[PDB]
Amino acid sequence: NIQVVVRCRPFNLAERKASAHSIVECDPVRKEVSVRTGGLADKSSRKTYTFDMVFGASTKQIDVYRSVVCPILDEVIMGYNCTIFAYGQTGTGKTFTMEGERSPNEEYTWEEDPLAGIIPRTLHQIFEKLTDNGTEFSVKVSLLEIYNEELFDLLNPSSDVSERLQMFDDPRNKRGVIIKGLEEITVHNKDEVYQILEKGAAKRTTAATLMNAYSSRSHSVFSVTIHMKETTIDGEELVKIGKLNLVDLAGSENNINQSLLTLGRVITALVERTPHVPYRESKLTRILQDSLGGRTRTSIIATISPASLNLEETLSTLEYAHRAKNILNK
């Protein structure tokens, strides 16, 4: 039930000049990814896997958005909660997929930058959709990040990243939590997005000077909530509330990452149909439990490297993401 997809990144400059031989092969049509475990294109053994969708190195941000993100966003507009995880070793594309980058030399405005990822495209589209038709709506974003089991708010511009938020159980709706003091920044229009994203970027920079390998060891949860009061061409009015969570997990390669360890153990119990699911054993799984066997539509995008040097890690990632497919929620 949970939809899982694989994105393989292309070789980098340094890999090209070294005559890199990709040990990975993608077949979008057949929804298959193949990896050369033994070695040698003349003769070799390989490992094969099937997923809901597969994307090779030739895949651009726009293909990713039109294919996975557009449909899930439409659901969010309908009043549903959706989450999308990015999983994989550091250097494979988790941040590139989730956030995106800027093209060199100020070649494009942020809303037309082909290298832009899911977050900016989504915030830009929400306004692109609801504005067109007749819909009164409010957009609020939030960026919660977990490092060594401590919560941080990377969007609040009146407190630095030394102040870790506190987390409690929500007495109202069970299996839900309350993060004290987390900031919800309202986005009044498309032309207010970039700066808010710039804000988080800069705080993210101070977090990195303060915490070791911060960009590799932390989990970021960027949430976008949409309050809608749609008024049909007739005169009806729908009050819908949709929430989309975009998670850039900490690098899966292998001190300890309690949330990462716990996430793996939660998937295990969900697919093994084990009664006790260890949600409470980490901050991430308590924050996102409804995304794991709950009433939320969730998608996992596992990013892999083509380089033969990451064969062992490419296998763990694929194997890890293939098991997730058996998870059922809603």
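Think of the rigid core as the biggest set of C-alphas that the two forms share within 1.5 Å after superposition. So that there is no doubt, residue numbering starts at 1 and follows the sequence shown.
Stretch comparison, 222-230 versus 244-252: after rigid core superposition, larger RMS CA deviation in 7 other deposited structures of this protein is found for 222-230. Once the structures in 7 other deposited structures of this protein are superposed via the core, the pair 316-324 and 20-28 is resolved in favour of 20-28 as the more displaced stretch (C-alpha RMS). Of the other compared PDB entries of this protein that include residues on both sides, at least a third leave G235 without atoms.
Looking at the other PDB entries for this protein, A41 is absent from the model in a third or more of those that include the residues around it. Count the deposited residues lacking coordinates between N254 and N255 and you get 10 or more of them. The question of which stretch, 40-48 or 301-309, has the higher mean Cα B factor is settled in favour of 40-48. Relative to its counterpart among 116-124 and 187-195, 187-195 has the higher mean temperature factor, C-alpha atoms as listed in the PDB entry. Of the candidates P278, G264, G56, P275, the PDB record gives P275 the highest C-alpha temperature factor.
In the PDB entry, the Cα temperature factor peaks, among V161, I178, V221, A213, at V161.
Placement of the Cα temperature factor of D153 within the chain: middle third of the modelled residues, per the deposited record.
Sorting the modelled residues of the chain by their CA temperature factor places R9 in the lowest third. Sort the modelled residues of the chain by CA B factor and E145 lands in the lowest third. Sort the chain's modelled residues by C-alpha temperature factor and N173 lands in the highest third, per the entry. When the modelled residues of the chain are ordered by C-alpha B-factor, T90 sits in the lowest third.
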